[PDB]
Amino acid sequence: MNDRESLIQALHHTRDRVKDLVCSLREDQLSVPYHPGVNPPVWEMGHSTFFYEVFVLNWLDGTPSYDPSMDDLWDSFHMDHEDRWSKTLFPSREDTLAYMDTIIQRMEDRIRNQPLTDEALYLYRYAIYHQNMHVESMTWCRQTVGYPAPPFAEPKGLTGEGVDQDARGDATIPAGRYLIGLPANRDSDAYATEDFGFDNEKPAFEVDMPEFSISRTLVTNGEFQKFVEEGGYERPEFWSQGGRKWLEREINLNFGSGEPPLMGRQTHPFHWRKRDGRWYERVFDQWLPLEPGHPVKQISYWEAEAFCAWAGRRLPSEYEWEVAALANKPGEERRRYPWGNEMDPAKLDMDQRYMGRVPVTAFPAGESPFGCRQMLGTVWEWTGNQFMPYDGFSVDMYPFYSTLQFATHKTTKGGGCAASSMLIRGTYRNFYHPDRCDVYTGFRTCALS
């Protein structure tokens, strides 16, 4: 993203995604069932538009807000979760949509009629990417509450490709010194272009990495089935202290199913169910069959932890992951994507299309330098580190972005089927709480020592 055209086109694609997400719903559906990981769809439209007004329009020009009264109800730090479900505090779908279209145009007008300063470019890209972050959240809200799939989605998956080849195997990464992260904004003149990144990715550093071997494929449903069948969820030997506790919790196992509440402990991935001997998976409003060569998704950090124990494998660190995905070494050329530094949306399962139902050996054009496949895309891969600041951290213009979720969260890397590709990078770092089954998470195993 440098050209105004790319920005403007990205602005438009984003607005459509939000509009398609809210208007494809009926009035009786606009109020979503309460869940700690979902938000009301109209609020996400308003909140994601407010960001433009705050960190682009007012930031650079001093312009006032569309409606100053809502300046505290759109803010995420102030407006608490539970009181977001109000019907008297917030405007209607009709007005909120108009708000968006206005600010979108106001954004387009500035991008066109005001200098392309590196400052503007940076803020332009930040604000857009933020809305895409809420496009993902809105998409998994449907899965959580059990609503129909988004109109722009092909949840059935990649049909025909189904042909898991022999690419399955491990890749021994040679030991040596490798480069992890992005330059700091103050040290680069491409901070808005070729060195763009959030605070969590900066400042860069070098690491002397020991040799290791990571699976070129993700863990598939079939493999996880054996762990379940061998009694994994009932053999506490494989689970850790948090895992054991997670396992001993009572939950409505029928959430987002349309069926009455059924409270109990988890014995299989939350979204799995056995029907007359056949494993099935809830895909929004439809229970489809569980293809075996597809990757296991919507699992917890604990669930993966136990599998790695039962399988005699281990989880990678985020620095192993980045090495194995980009293979950037100090002094040599640098890549942002495993294939290179140019983004083709066709080399990865992203942008809310196949939504994870892809064979784990597919997308060979996105092969990592060490053979690793489907690194960037499909699901967010669990790592074994805790989200912590890189040594040298500097808060961003929006300082709550990463600071609010340190230590309590685990670093996940890669990209989600529900996440827009325009914001992904090998350096990118996401942060999810280990107890979560609602986000599009996955994992691959690394070899033991």
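Numbers follow the displayed sequence, beginning with 1.
Legend: mean Cα B-factor per stretch from the PDB entry, 160-168 versus 275-283; the higher mean is in 160-168. Remark: stretch with higher mean C-alpha B factor among 146-154 and 228-236 is 228-236. For the set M355, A98, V135, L247, the PDB entry puts the maximum C-alpha B factor at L247.
Annotation for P91: CA B-factor lies in the lowest third of the chain's modelled residues. The entry lists a Cα temperature factor for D349 that places it in the lowest third of the chain's modelled residues.
Among all modelled residues in this chain, the alpha-carbon of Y319 has a temperature factor (C-alpha) in the middle third. The deposited CA B-factor of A192 belongs to the middle third of values across its chain. Among the modelled residues of the chain, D391 sits in the middle third by CA temperature factor in this PDB entry.
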